[PDB]
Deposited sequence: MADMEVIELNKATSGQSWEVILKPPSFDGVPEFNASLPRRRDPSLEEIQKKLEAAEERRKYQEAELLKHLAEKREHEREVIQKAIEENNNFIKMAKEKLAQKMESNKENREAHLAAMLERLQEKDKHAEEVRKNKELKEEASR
């Protein structure tokens, strides 16, 4: 079954029927979702630059620690050498003090030998 539909300058159209039928958001909603996505992108970026900043702080803490280690190694060396040098000085001066005192005690004895000679 044919049924004519339309004719025109550059064509015509019709319909052929064989069997009949067996059976008779908003602009603000849009930009709301895009601004939310943009603020998730910027928040993840904030987090990344925060962790990178935390790594910058760690790096300058490592460099500071190496400086402090070197200054504590100088300070330990300095006070241990001072303690050593002054301990040697007190010991060597004591040996000499003792040696001189023994010699001077002998000189006391020799004057006593002399005076004892004058009694006889």
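Colleague: Pop the missing stretches of the deposited sequence into a list, counting residues from 1 and keeping sequence order.
Modeller: Several regions go unmodelled: 1-4, 29-42, 139-143.
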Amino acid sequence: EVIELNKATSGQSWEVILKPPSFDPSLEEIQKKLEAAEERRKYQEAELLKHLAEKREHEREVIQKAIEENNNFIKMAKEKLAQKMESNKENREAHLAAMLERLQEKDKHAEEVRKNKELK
From here on, numbers count along this sequence of modelled residues.
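Colleague: Using only modelled residues of the chain, where does the Cα B factor of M76 rank: lowest third, middle third or highest third?
Modeller: According to the entry, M76 has a C-alpha B-factor in the chain's highest third.
Colleague: Tell me, lowest, middle or highest third: where does the Cα B factor of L103 rank within its chain?
Modeller: Tercile = middle for this residue's CA B-factor.
Colleague: Using the B-factors in the PDB entry, rank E69's C-alpha atom against the chain and give the third, lowest, middle or highest.
Modeller: Middle third.
Colleague: Can you tell me whether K33 has a C-alpha B-factor in the lowest, middle or highest third compared with the other modelled residues of the same chain?
Modeller: Middle third, going by the recorded CA B-factors of the chain.
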